[PDB]
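Colleague: This one is input36.csv, CSV, N, CA and C atoms.
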chain,number,residue,atom,x,y,z
A,1,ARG,N,21.5,-7.8,16.4
A,1,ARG,CA,21.4,-7.4,16.6
A,1,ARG,C,21.3,-7.1,16.0
A,2,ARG,N,21.7,-7.0,15.6
A,2,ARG,CA,21.7,-6.8,15.0
A,2,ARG,C,21.3,-6.8,14.8
A,3,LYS,N,20.5,-7.1,14.4
A,3,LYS,CA,20.0,-7.1,14.2
A,3,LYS,C,19.9,-6.9,13.6
A,4,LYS,N,19.9,-6.8,13.1
A,4,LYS,CA,19.7,-6.6,12.5
A,4,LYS,C,19.5,-6.9,11.7
A,5,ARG,N,18.8,-7.4,11.4
A,5,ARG,CA,18.6,-7.6,10.7
A,5,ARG,C,18.2,-7.3,9.9
A,6,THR,N,18.7,-7.3,9.4
A,6,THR,CA,18.4,-7.0,8.6
A,6,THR,C,17.8,-7.3,8.3
A,7,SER,N,17.6,-7.2,7.9
A,7,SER,CA,17.1,-7.5,7.6
A,7,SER,C,16.2,-7.2,6.9
A,8,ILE,N,16.0,-7.0,6.6
A,8,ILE,CA,15.1,-6.7,6.0
A,8,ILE,C,15.3,-7.2,4.8
A,9,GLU,N,15.3,-7.5,4.2
A,9,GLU,CA,15.5,-8.0,3.1
A,9,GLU,C,15.2,-8.0,2.0
A,10,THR,N,14.6,-8.0,1.5
A,10,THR,CA,14.2,-8.0,0.5
A,10,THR,C,13.5,-7.6,-0.5
A,11,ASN,N,13.3,-8.6,-1.2
A,11,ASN,CA,12.6,-8.4,-2.2
A,11,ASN,C,11.4,-7.7,-2.0
A,12,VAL,N,11.0,-7.8,-1.0
A,12,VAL,CA,9.9,-7.1,-0.7
A,12,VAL,C,9.8,-5.7,-0.6
A,13,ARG,N,10.8,-5.2,0.0
A,13,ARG,CA,11.0,-3.9,0.2
A,13,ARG,C,11.0,-3.2,-1.1
A,14,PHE,N,11.5,-3.8,-2.0
A,14,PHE,CA,11.6,-3.3,-3.2
A,14,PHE,C,10.2,-2.9,-3.7
A,15,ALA,N,9.4,-3.9,-3.6
A,15,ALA,CA,8.0,-3.7,-4.0
A,15,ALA,C,7.3,-2.8,-3.0
A,16,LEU,N,7.7,-2.8,-1.8
A,16,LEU,CA,7.1,-2.0,-0.9
A,16,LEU,C,7.4,-0.6,-1.1
A,17,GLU,N,8.5,-0.4,-1.7
A,17,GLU,CA,8.9,0.9,-2.0
A,17,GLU,C,7.9,1.7,-2.7
A,18,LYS,N,7.5,1.2,-3.8
A,18,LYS,CA,6.6,1.9,-4.5
A,18,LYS,C,5.2,1.9,-4.0
A,19,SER,N,5.0,0.9,-3.3
A,19,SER,CA,3.8,0.8,-2.7
A,19,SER,C,3.6,1.6,-1.5
A,20,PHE,N,4.6,1.8,-0.8
A,20,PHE,CA,4.5,2.6,0.4
A,20,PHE,C,4.0,3.9,0.1
A,21,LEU,N,4.5,4.5,-0.6
A,21,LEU,CA,4.1,5.8,-0.9
A,21,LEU,C,2.8,6.0,-1.5
A,22,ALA,N,2.5,5.1,-2.1
A,22,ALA,CA,1.2,5.2,-2.7
A,22,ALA,C,0.2,5.2,-1.9
A,23,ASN,N,0.4,4.4,-1.0
A,23,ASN,CA,-0.6,4.4,-0.1
A,23,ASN,C,0.0,4.0,1.0
A,24,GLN,N,-0.1,4.3,1.9
A,24,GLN,CA,0.5,3.9,3.0
A,24,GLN,C,-0.5,3.4,3.9
A,25,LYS,N,-1.5,3.1,3.6
A,25,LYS,CA,-2.5,2.6,4.4
A,25,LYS,C,-3.1,1.4,3.9
A,26,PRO,N,-2.4,0.4,4.0
A,26,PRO,CA,-2.8,-0.8,3.5
A,26,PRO,C,-3.9,-1.3,4.3
A,27,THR,N,-4.8,-1.8,3.7
A,27,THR,CA,-5.9,-2.4,4.4
A,27,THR,C,-5.6,-3.8,4.6
A,28,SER,N,-6.6,-4.5,5.0
A,28,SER,CA,-6.5,-5.8,5.3
A,28,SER,C,-6.4,-6.6,4.1
A,29,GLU,N,-7.3,-6.3,3.2
A,29,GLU,CA,-7.4,-7.0,2.0
A,29,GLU,C,-6.2,-6.7,1.1
A,30,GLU,N,-5.9,-5.5,1.1
A,30,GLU,CA,-4.8,-5.0,0.3
A,30,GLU,C,-3.5,-5.8,0.5
A,31,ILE,N,-3.3,-6.1,1.7
A,31,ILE,CA,-2.1,-6.8,2.1
A,31,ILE,C,-2.2,-8.3,1.7
A,32,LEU,N,-3.3,-8.9,2.0
A,32,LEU,CA,-3.5,-10.2,1.7
A,32,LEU,C,-3.4,-10.4,0.2
A,33,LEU,N,-3.8,-9.4,-0.4
A,33,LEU,CA,-3.8,-9.5,-1.8
A,33,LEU,C,-2.4,-9.5,-2.3
A,34,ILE,N,-1.6,-8.6,-1.8
A,34,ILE,CA,-0.3,-8.5,-2.2
A,34,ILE,C,0.5,-9.7,-1.8
A,35,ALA,N,0.0,-10.3,-0.8
A,35,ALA,CA,0.7,-11.5,-0.2
A,35,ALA,C,0.6,-12.6,-1.2
A,36,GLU,N,-0.5,-12.7,-1.9
A,36,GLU,CA,-0.7,-13.7,-2.8
A,36,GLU,C,0.2,-13.7,-3.9
A,37,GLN,N,0.8,-12.6,-4.1
A,37,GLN,CA,1.7,-12.5,-5.2
A,37,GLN,C,2.8,-13.3,-5.0
A,38,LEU,N,3.3,-13.5,-3.8
A,38,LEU,CA,4.4,-14.2,-3.5
A,38,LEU,C,4.9,-14.3,-2.4
A,39,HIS,N,5.5,-14.0,-2.2
A,39,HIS,CA,6.0,-14.1,-1.1
A,39,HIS,C,6.1,-13.0,-0.2
A,40,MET,N,5.0,-12.7,0.3
A,40,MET,CA,4.9,-11.7,1.2
A,40,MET,C,3.8,-11.9,2.1
A,41,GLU,N,3.8,-11.8,3.2
A,41,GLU,CA,2.8,-12.1,4.1
A,41,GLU,C,2.5,-10.9,5.0
A,42,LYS,N,1.4,-10.9,5.6
A,42,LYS,CA,0.9,-9.9,6.5
A,42,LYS,C,2.0,-9.5,7.4
A,43,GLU,N,2.7,-10.4,7.9
A,43,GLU,CA,3.7,-10.2,8.8
A,43,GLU,C,4.7,-9.2,8.4
A,44,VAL,N,5.7,-9.6,7.7
A,44,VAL,CA,6.6,-8.7,7.2
A,44,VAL,C,6.1,-7.5,6.6
A,45,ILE,N,4.9,-7.6,6.1
A,45,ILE,CA,4.2,-6.5,5.5
A,45,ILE,C,4.1,-5.3,6.4
A,46,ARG,N,3.4,-5.5,7.4
A,46,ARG,CA,3.2,-4.5,8.3
A,46,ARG,C,4.5,-4.1,8.9
A,47,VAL,N,5.3,-5.0,9.3
A,47,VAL,CA,6.6,-4.7,9.9
A,47,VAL,C,7.4,-3.8,9.0
A,48,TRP,N,7.2,-4.0,7.8
A,48,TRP,CA,7.9,-3.3,6.8
A,48,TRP,C,7.2,-1.9,6.9
A,49,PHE,N,6.1,-1.7,6.3
A,49,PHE,CA,5.4,-0.4,6.3
A,49,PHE,C,5.6,0.4,7.5
A,50,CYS,N,5.5,-0.3,8.6
A,50,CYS,CA,5.6,0.4,9.8
A,50,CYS,C,6.9,1.0,9.9
A,51,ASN,N,8.0,0.2,9.9
A,51,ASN,CA,9.3,0.7,10.0
A,51,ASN,C,9.7,1.5,8.9
A,52,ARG,N,9.0,1.2,7.8
A,52,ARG,CA,9.3,1.9,6.7
A,52,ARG,C,9.0,3.4,6.8
A,53,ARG,N,7.9,3.7,7.3
A,53,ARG,CA,7.4,5.0,7.5
A,53,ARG,C,8.1,5.7,8.6
A,54,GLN,N,8.7,4.9,9.4
A,54,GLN,CA,9.3,5.5,10.5
A,54,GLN,C,10.5,6.2,10.1
A,55,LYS,N,11.1,5.8,9.1
A,55,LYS,CA,12.2,6.3,8.6
A,55,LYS,C,11.9,7.6,7.9
A,56,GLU,N,10.7,7.8,7.7
A,56,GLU,CA,10.2,8.9,7.0
A,56,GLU,C,10.2,10.0,8.0
A,57,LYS,N,9.6,9.8,9.0
A,57,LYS,CA,9.5,10.7,9.9
A,57,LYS,C,10.6,11.1,10.4
A,58,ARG,N,10.8,11.8,10.6
A,58,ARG,CA,11.8,12.3,11.0
A,58,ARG,C,12.1,12.9,11.1
A,59,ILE,N,12.3,13.2,11.2
A,59,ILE,CA,12.6,13.8,11.3
A,59,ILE,C,13.1,14.1,11.9
A,60,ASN,N,13.1,13.8,12.1
A,60,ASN,CA,13.5,14.0,12.7
A,60,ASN,C,14.0,14.4,13.1
A,61,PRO,N,14.4,14.7,13.5
A,61,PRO,CA,14.8,15.1,13.9
A,61,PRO,C,14.7,15.1,14.0
A,62,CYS,N,14.5,15.2,14.2
A,62,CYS,CA,14.4,15.2,14.3
A,62,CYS,C,14.7,14.9,14.3
A,63,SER,N,14.5,15.0,14.3
A,63,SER,CA,14.8,14.7,14.3
A,63,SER,C,14.6,14.5,14.2
Mind converting the file's structure to structure tokens?
Modeller:
Amino acid sequence: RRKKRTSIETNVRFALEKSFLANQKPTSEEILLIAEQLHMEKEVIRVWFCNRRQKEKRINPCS
């Protein structure tokens, strides 16, 4: 549940961090490109960015 996974993990996010903001619209190529770097694949990529930005919103309260 946890999930949680966490998960998230890693290393990636770290890199995604800076990257996220920069652009937040990763293209197809952009990802694959970054994937080549190491260890990151389209998968977690999107999953990341996606969920990553979700945290942004928010507002949320927004809640």
Colleague: Give me, as a tab-separated table, the closest atom pair and its distance (Å, one decimal) for every residue of segment 4-34 of chain A within a cut-off of 9 Å of segment 44-59 of chain A, counting only C-alpha atoms, rows sorted by chain and rising number.
Modeller:
residue	atom	partner	partner_atom	distance
A:8	CA	A:48	CA	8.0
A:12	CA	A:45	CA	8.4
A:13	CA	A:48	CA	7.3
A:16	CA	A:49	CA	7.6
A:17	CA	A:52	CA	8.8
A:20	CA	A:49	CA	6.7
A:24	CA	A:49	CA	7.3
A:25	CA	A:49	CA	8.7
A:26	CA	A:46	CA	8.5
A:31	CA	A:45	CA	7.2
Colleague: Please measure the separation of atom CA of residue 39 of chain A and atom C of residue 11 of chain A, giving the value in Å to one decimal.
Modeller: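 That distance, rounded to one decimal, is 8.4 Å.
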Colleague: Could you tell me how far atom C of residue 42 of chain A lies from atom CA of residue 27 of chain A, in Å and to one decimal?
Modeller: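 Result for atom C of residue 42 of chain A versus atom CA of residue 27 of chain A: 11.0 Å, one decimal.
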Colleague: Go through chain A and collect every residue that DSSP, computed from the backbone, puts in helix (DSSP H, G or I); the answer should be as a PyMOL selection string.
Modeller: chain A and resi 11-22+28-35+42-54
Colleague: Quick one: pull the distance between atom CA of residue 10 of chain A and atom CA of residue 38 of chain A, Å, one decimal.
Modeller: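 Straight-line distance from atom CA of residue 10 of chain A to atom CA of residue 38 of chain A works out to 12.3 Å.
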Colleague: Near residue 29 of chain A, counting only C-alpha atoms, which residues have an atom at most 12 Å away, once you skip same-chain residues fewer than 6 positions from it, shown as a PyMOL selection string?
Modeller: chain A and resi 35-36+41-42
Colleague: Using the block above, I'd like segment 2-55 of chain A written out, keeping C-alpha atoms and formatting it as a PDB file, in the first residue's frame.
Modeller:
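What follows is the written file result-v4.pdb:
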ATOM      1  CA  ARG A   2       1.218   1.036   0.494  1.00  0.00           C
ATOM      2  CA  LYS A   3       2.025   1.449  -1.186  1.00  0.00           C
ATOM      3  CA  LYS A   4       3.333   2.656  -1.326  1.00  0.00           C
ATOM      4  CA  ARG A   5       5.355   2.729  -2.572  1.00  0.00           C
ATOM      5  CA  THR A   6       6.950   4.168  -2.518  1.00  0.00           C
ATOM      6  CA  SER A   7       8.008   4.429  -3.842  1.00  0.00           C
ATOM      7  CA  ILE A   8       9.086   6.187  -5.592  1.00  0.00           C
ATOM      8  CA  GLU A   9      12.268   6.149  -5.326  1.00  0.00           C
ATOM      9  CA  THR A  10      14.597   7.482  -6.471  1.00  0.00           C
ATOM     10  CA  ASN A  11      17.163   8.511  -8.013  1.00  0.00           C
ATOM     11  CA  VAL A  12      15.103   9.612 -10.483  1.00  0.00           C
ATOM     12  CA  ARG A  13      13.009  11.924  -8.825  1.00  0.00           C
ATOM     13  CA  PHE A  14      15.933  13.719  -7.931  1.00  0.00           C
ATOM     14  CA  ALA A  15      16.594  14.340 -11.512  1.00  0.00           C
ATOM     15  CA  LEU A  16      13.045  14.783 -12.195  1.00  0.00           C
ATOM     16  CA  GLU A  17      12.957  17.442  -9.799  1.00  0.00           C
ATOM     17  CA  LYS A  18      14.752  19.882 -11.757  1.00  0.00           C
ATOM     18  CA  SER A  19      13.389  18.628 -14.760  1.00  0.00           C
ATOM     19  CA  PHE A  20       9.940  18.852 -13.829  1.00  0.00           C
ATOM     20  CA  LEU A  21       9.746  22.280 -13.521  1.00  0.00           C
ATOM     21  CA  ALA A  22      11.548  23.074 -16.396  1.00  0.00           C
ATOM     22  CA  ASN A  23       9.391  21.659 -18.437  1.00  0.00           C
ATOM     23  CA  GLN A  24       6.783  19.791 -17.660  1.00  0.00           C
ATOM     24  CA  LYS A  25       5.945  18.587 -20.896  1.00  0.00           C
ATOM     25  CA  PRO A  26       8.104  16.054 -21.801  1.00  0.00           C
ATOM     26  CA  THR A  27       7.839  14.880 -25.224  1.00  0.00           C
ATOM     27  CA  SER A  28       8.378  11.540 -26.477  1.00  0.00           C
ATOM     28  CA  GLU A  29      11.819  12.044 -27.460  1.00  0.00           C
ATOM     29  CA  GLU A  30      12.708  13.996 -24.490  1.00  0.00           C
ATOM     30  CA  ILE A  31      11.949  11.097 -22.292  1.00  0.00           C
ATOM     31  CA  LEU A  32      13.606   8.522 -24.268  1.00  0.00           C
ATOM     32  CA  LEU A  33      16.501  10.730 -24.331  1.00  0.00           C
ATOM     33  CA  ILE A  34      16.616  11.003 -20.638  1.00  0.00           C
ATOM     34  CA  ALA A  35      16.065   7.343 -20.418  1.00  0.00           C
ATOM     35  CA  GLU A  36      19.271   6.695 -22.047  1.00  0.00           C
ATOM     36  CA  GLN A  37      21.004   8.295 -19.422  1.00  0.00           C
ATOM     37  CA  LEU A  38      20.373   5.549 -17.172  1.00  0.00           C
ATOM     38  CA  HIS A  39      18.200   4.312 -15.629  1.00  0.00           C
ATOM     39  CA  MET A  40      14.979   5.745 -16.319  1.00  0.00           C
ATOM     40  CA  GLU A  41      12.449   4.629 -18.604  1.00  0.00           C
ATOM     41  CA  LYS A  42       9.346   5.954 -20.118  1.00  0.00           C
ATOM     42  CA  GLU A  43       7.431   4.177 -17.554  1.00  0.00           C
ATOM     43  CA  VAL A  44       8.414   5.575 -14.315  1.00  0.00           C
ATOM     44  CA  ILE A  45       8.977   8.769 -16.152  1.00  0.00           C
ATOM     45  CA  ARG A  46       5.492   9.579 -16.913  1.00  0.00           C
ATOM     46  CA  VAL A  47       4.372   8.054 -13.711  1.00  0.00           C
ATOM     47  CA  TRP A  48       6.589  10.345 -12.005  1.00  0.00           C
ATOM     48  CA  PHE A  49       5.812  13.561 -13.811  1.00  0.00           C
ATOM     49  CA  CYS A  50       2.286  12.790 -13.651  1.00  0.00           C
ATOM     50  CA  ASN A  51       2.102  12.224  -9.980  1.00  0.00           C
ATOM     51  CA  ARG A  52       4.670  14.748  -9.515  1.00  0.00           C
ATOM     52  CA  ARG A  53       2.575  17.500 -10.811  1.00  0.00           C
ATOM     53  CA  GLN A  54      -0.321  16.316  -8.984  1.00  0.00           C
ATOM     54  CA  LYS A  55       1.267  17.281  -5.900  1.00  0.00           C
TER      55      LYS A  55
END
